[PDB]
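One line per chain: the protein sequences are A and B, in this order.
Using the UniProt record's numbering, the first residue of the first sequence is number 16, and each one after it goes up by one.
Using the UniProt record's numbering, the first residue of the second sequence is number 16, and each one after it goes up by one.
Protein chains: 2
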Amino acid sequence: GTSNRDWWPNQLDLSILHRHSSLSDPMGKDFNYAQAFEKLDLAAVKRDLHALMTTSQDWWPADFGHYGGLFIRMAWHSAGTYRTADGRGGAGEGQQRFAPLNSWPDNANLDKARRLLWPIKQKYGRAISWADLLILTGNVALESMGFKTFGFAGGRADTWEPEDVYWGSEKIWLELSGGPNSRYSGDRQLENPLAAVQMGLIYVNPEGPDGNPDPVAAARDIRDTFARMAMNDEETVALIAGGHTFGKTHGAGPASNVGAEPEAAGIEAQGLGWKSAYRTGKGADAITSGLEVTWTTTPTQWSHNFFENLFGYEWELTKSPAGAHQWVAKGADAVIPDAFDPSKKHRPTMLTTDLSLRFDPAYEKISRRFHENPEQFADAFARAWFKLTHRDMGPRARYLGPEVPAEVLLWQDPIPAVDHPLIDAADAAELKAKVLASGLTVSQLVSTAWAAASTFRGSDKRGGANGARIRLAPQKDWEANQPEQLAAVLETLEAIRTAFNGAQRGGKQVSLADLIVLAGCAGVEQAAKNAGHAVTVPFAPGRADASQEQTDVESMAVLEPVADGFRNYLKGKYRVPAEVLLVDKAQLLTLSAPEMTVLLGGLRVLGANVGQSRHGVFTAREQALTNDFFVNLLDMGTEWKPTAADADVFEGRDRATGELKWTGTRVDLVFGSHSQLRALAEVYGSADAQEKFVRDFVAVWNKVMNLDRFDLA
Amino acid sequence: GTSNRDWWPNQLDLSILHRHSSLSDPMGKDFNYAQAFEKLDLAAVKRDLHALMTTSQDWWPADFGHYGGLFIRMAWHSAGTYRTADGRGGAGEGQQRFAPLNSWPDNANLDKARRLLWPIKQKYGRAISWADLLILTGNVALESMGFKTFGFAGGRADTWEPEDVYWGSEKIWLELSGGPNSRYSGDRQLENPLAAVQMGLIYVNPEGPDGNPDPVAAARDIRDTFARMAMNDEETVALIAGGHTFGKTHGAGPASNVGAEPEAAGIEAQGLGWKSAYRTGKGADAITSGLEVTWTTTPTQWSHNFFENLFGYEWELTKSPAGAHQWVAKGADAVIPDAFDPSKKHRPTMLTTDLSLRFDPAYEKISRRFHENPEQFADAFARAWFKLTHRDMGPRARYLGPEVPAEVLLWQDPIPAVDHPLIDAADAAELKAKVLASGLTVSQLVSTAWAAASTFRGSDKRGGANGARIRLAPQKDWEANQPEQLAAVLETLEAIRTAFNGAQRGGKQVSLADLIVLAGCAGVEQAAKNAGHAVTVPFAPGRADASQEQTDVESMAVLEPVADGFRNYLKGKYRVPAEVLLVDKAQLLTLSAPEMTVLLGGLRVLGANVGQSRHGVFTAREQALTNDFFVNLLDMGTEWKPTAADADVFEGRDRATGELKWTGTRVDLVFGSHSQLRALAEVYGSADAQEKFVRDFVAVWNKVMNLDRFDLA
Ligand code: HEM
Ligand code: HEM
Ligand SMILES: OC[C@H]1O[C@H](O[C@H]2[C@H](O)[C@@H](O)[C@@H](O)O[C@@H]2CO)[C@H](O)[C@@H](O)[C@@H]1O
Ligand SMILES: OC[C@H]1O[C@H](O[C@H]2[C@H](O)[C@@H](O)[C@@H](O)O[C@@H]2CO)[C@H](O)[C@@H](O)[C@@H]1O
Ligand SMILES: [Cl-]
Ligand SMILES: [Cl-]
Ligand code: NA
Ligand code: NA
């Protein structure tokens, strides 16, 4: 059946903005997962999980009689898809249970792991999501095998369909680099936003880069992909060594015995995949990655044996039974237990990527320190496991349950608690009047608030106006934020704030974070008055101001907008068309296509463009809140053509005289070209639509201002 | 960017069930198009359209100074996508303005026609939909040129995204038959549900079949395609000759001058396409189809000159300036006006498909009658043009406005007016108890109500339980409806009805249509009571009973369910997997994926399967409304394998003993295989889900019962 995507494979796809509708969700519109979870008996769930660990099922027998290793890997993979570039991936939406991740080759036999958890899921129902369950299970595995975890938070609501994530352009699973859709160029430069070295891998290739078993070269891939997952060297060594203290790999026979992945299997497989024709197909005969490595002498107990083995032997390159490259300890005795036969032992073995931890010079120093000081290794692994499994959960306000760690961590982008009375509606009116009397313009007020609030992304719930981090490094220096203009607005608002705060009694005070947002609201109100409309814009106080020392400057760098179509901004020339970048940003902001449309049209006429660019400013009454963008964009009296100097800028001329009326970018004109977008533009550019435009704009503006407000949720 | 569709091109697509979310709709959740329309000043809209017809725009100059012909073709193409097989296509959703229809080759330059209408659309805003305006414009064209239309109804609400329609499997526009994805097999048998001869055509090829200019053979394709759009021979001749009384074709130069269709065009084209490098690219130089034919001596006035020319001349095969086959009158004078140069005239010309009307023997008889009696022609055309443009609008209750024709037409599947008081809540309770006391079983009551209500399809809003057409030919004899069992249930309910109606005062009575649905409600309540749950199923009276004489038996044939996964029914062996046919039925029913899942799981345990098949009946308490379908389907203690006799039937055996527990079809087991469906089955198969299952089942049952109830809108 030929589809629009077949005919026009480069047209923009808006269906990413209308995922996650109430149509696909089986839960009622009022379901609130936080409330369900807070009534869960978490202790009962953990007892059931502890029981499960050693309750072997014959259809996927437990190695060493204990599923802990399999579950740790399951959780680590759940979390391990995360990319700091866009925040997408991670454990936080339980997407391991949907395509494509349920069928990635690196996720082989994690279908079995999830199936073992069905009876617990069924027992507790809506009170524990799959997303929370996967992580909780990892934690229980660790605790069952003697490792004390740093804590656990619930609150990852389940999702009901696959996320639209760019995982790469390759058309072959696991394709090595340098092909027609290579994710690598230059000196092994991985394309943003990717965080894995081959299509269908979590981070790196366990044999080495593109299969080449060189631990030093593998270390480079480890370091880059883990940095792209928000992990530094210490955290990386702690995680890999900690993980590989447990369990084993599976490669008992040739890979060609392994059948279809779950999304390709037959209906009778009932959601499972990788059925193997090798011997019994399971247990002692299991084939998962094709490697056959058992790291420690006690694979079901926390030990300091990983680093004893890594440093205590010299290693020789060998092959598993499936033909994969791995390493065996020279001259060692058979000290490693077998997973099924008590009369068998094995020599110590390692992956290429384990040896990276010894042969990369920067890892070797950390590895040695951990070998010499195992308490340091335990604490670092516990912290890094927490970070790994919570990195995408957002502000601490979203953490639920009785095991949330009290300690505030820098990676959480923490916001200080509010400890004083908040401004009321009378105070808000008085502060908006002060802001309007200061001489700040609609353009400056709107731009500043937009800059502050539109750093939010729903993918990992980072960013937003809470914290007033716009005033700190590095946000205050981002080019899209217009640093010199921003400084002048912030100095004015800070003087207003100091004067209001110094006049108060009690402990009442306003944060700069709230004032930035409030001042934006005053700008929108003033713009509406400029247009002859009487509008009050909703405002909710309670933001607090974070400090510089609570703001990790290197972690904040990924939130920098290099493309922000809402301000007609593009930092450089990219291979992705700017209107695709617009849709991508709207998805991060949680906007639908009508919301994106309305917002952008209003921002253009309010003066939100970076550098006061006239591109898309299709009005003769700038700083007034009108639907002029749409009415002028749709006027057939204007003809558009790309300019000779720049194929991405367009000139709109009167059709009868040739006279220049406007200029616009791709982001501007897509609203008059894309057949669905133009349908939405038409609604707002109709003669009956001015009051609808204003009200819809105010609603979307408010939505953006509140995106990070989980304190109010 | 590689997508799930790329990796698993044959996995089932559920996104067709989640279109049309409130996310994608710019109108508020409360917007009611009927209420907006009813306040439109339709007379003022028509005066503006009348003025437009002769107000030429220089970017697409009006042929003969009059846009009437262009707009008639626009409206005909809007309606002309309709197929009776599934009800999809047609004018009723305004889909001509979205992909792919906006860029079909047969729709070339209708982009210009729609653009001409933007000012009027903009003026009237939400009070007139694009979908209504397309049709209205064609009526006003006809009226302005001297043709009296049969009437006009508003009420086609606009849609905001493309419909998911199977338009064929060809990967090349206009591909000739006999390719690798041929829509023809056997002796020129067009595959259901298609109703056009080539990908991107409305009906047929105007040169002849696969380009062969033989009028006799073209007639065969005309007759088949028009029958598949619900038009008979009389209506077909009236439509084609009526349309071709007006306007002209456009083929002034070679087709290679014409550039990309709108979905492929550059962003600067602002939604238009087919930009032509031939001379001025428009007006006298226009190229649309490649043909260059002007049918009558007065292209901007209704006449009987099409048939005068068709019968008054002999025709010679010739070529247009673009090289297309077309026909010219032998020895004729230059009597046809030129569209732009008043000093030039041309000979009469015809399409191959026009000559069909004279050279096919059955058409010739109708065409002669019309030639001899042009008042007969005018009436037939007016009736057919109304039918064409309203055939997908649904029940007459959805018609709006002051020009709705009072005459009731058989094709409308009409329902008599109700002229008596309706039963009240107490009456309904009395009837449900009488039905339960009669000895009819849950299975009989559920199955009968399902059979009556589930003929509805949202594509053309035909079918449903209103009318009680289940008691008439042909529904009473459809195999899926179990004709002997149905007859027994209907005799019982009719006796209950006669006894209740005979006892009443004041003219209160209950229709059989209402009682069928109420009896089904009683069944569902009783099933719930069987499970230990007291529920009342909502019921809304006001259905009426249609007569056999008000039911067109041949038209009703396309509503027969040959595949109804909800009753585990497949009439024959198809090349499309049954699970695909389930999702297609769910889309026709207007169900989401959660609604489809709940509904199916409940129907299985209520006894709704055709023939009392045990497939999917995963319960030991049949006729009790429980979630047993899901809890048993998801039980990992059962292993499933295809049977040796039939690969589409599966046995579920206990994994440990081998004992046979269940059998199921692909429609049953898709819910335990598809990763999105299984996530939905999990919610209903959880230990906390019995109350939720019952409530959601009752809600979707009631939705299905009410699908045709536009009297309550
Ligand atoms: C460079 C990073 C890493 C690489 C290349 C990697 C590679 C793999 C491979 C290939 C397997 C074998 C899969 C199979 O055949 O069953 C595996 C197993 C496993 N990994 Fe990793 N790993 C990495 C990091 C992690 C981290 C960060 C953790 C957790 C903190 C983890 C925990 C596990 C555990 C527990 C297993 C054993 C599974 C079982 O017992 O069934 N690994 N690893
Ligand atoms: C066998 C069925 C049909 C065939 C093959 C067919 C074919 C065509 C083609 C090839 C053109 C020229 C497109 C262009 O070059 O501008 C056209 C024009 C047109 N057709 Fe048809 N047609 C059919 C039926 C109908 C029907 C049912 C009607 C309406 C009742 C209709 C009304 C018109 C009108 C009014 C025009 C002139 C458009 C103009 O003036 O711009 N046709 N036809
Ligand atoms: O984090 C330290 C400090 O950074 C900024 O310093 C400001 C100053 O407070 C402003 O009011 C204005 O004069 O510009 C300075 C330029 O560096 C923050 O604005 C401030 O809240 C924070 O304490
Ligand atoms: O059985 C189908 C049939 O049922 C009802 O008609 C009754 C009729 O009213 C009685 O006289 C009875 O003894 O015979 C029929 C039952 O066969 C439906 O209302 C009717 O339209 C339908 O044919
Ligand atoms: Cl994601
Ligand atoms: Cl459709
Ligand atoms: Na994420
Ligand atoms: Na339709």
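Beta carbons are placed, not taken as given, at the ideal position from N, Cα and C, and that holds for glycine.
Looking only at its own chain, which residues have a Cβ that is under 7 angstroms from the Cβ of residue i, when we skip the five neighbours before and after it?
i                 : result
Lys359 of chain A : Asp353
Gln459 of chain A : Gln500, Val504
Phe355 of chain B : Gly298, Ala299
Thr96 of chain A  : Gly104, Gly105, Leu116, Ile217
Can you give the beta carbon distance from residue i to residue j, rounded, assuming they're within the 8 angstroms contact cut?
i                 : j                 : result
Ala106 of chain A : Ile135 of chain A : About 17 angstroms; that fails the 8 angstroms criterion.
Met408 of chain A : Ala168 of chain A : 6 angstroms
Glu190 of chain B : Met214 of chain B : 6 angstroms
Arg384 of chain A : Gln391 of chain A : 7 angstroms
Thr605 of chain A : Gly482 of chain A : The pair is not a contact, with the Cβ atoms about 19 angstroms apart (cut-off 8 angstroms).
Quick one: what does DSSP say residue i is sitting in, helix, strand or coil?
i                 : result
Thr367 of chain B : helix
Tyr699 of chain A : helix
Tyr139 of chain B : helix
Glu190 of chain A : coil
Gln341 of chain B : strand
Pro657 of chain B : strand
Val713 of chain A : helix
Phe665 of chain A : strand
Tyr97 of chain B  : coil
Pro592 of chain B : coil
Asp179 of chain A : coil
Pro336 of chain B : coil
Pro120 of chain A : helix
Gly83 of chain B  : helix
Can you list, in chain order, the residues of its chain whose CB lies under 8 angstroms from that of residue i, leaving out five sequence neighbours each side?
i                 : result
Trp330 of chain A : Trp342, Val343, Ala344, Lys345, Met365, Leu370
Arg294 of chain B : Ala267, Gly268, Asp300
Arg373 of chain A : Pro230, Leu325, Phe326, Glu379, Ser382
Is the beta carbon of residue j closer than 8 angstroms to that of residue i?
i                 : j                 : result
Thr368 of chain A : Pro221 of chain A : yes
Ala534 of chain B : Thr463 of chain B : yes
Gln638 of chain B : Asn496 of chain B : no
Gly305 of chain B : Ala339 of chain B : yes
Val219 of chain A : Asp202 of chain A : no
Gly262 of chain A : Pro314 of chain A : yes
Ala234 of chain A : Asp375 of chain A : yes
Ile351 of chain B : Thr303 of chain B : no
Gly667 of chain B : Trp655 of chain B : yes
Enumerate in chain order the residues of its own chain whose CB-to-CB distance from residue i is below 6 angstroms, with the five nearest sequence positions on each side excluded.
i                     : result
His548 of chain B     : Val709
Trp75 of chain A      : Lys127, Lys297
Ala77 of chain B      : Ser71
residue 12 of chain A : Chain A is shown only over 16 to 728; residue 12 of chain A falls outside these bounds and no answer can be derived.
Unbroken stretches of the alpha helix (DSSP H), 4 residues or longer, contained in the region 205-269 of chain B: 230-242, 248-258
Runs of alpha helix (DSSP H) lying entirely within the region 377-454 of chain B, each at least 4 residues, in chain order: 389-405, 440-452
Unbroken stretches of the alpha helix (DSSP H), 4 residues or longer, contained in the region 511-561 of chain A: 527-545
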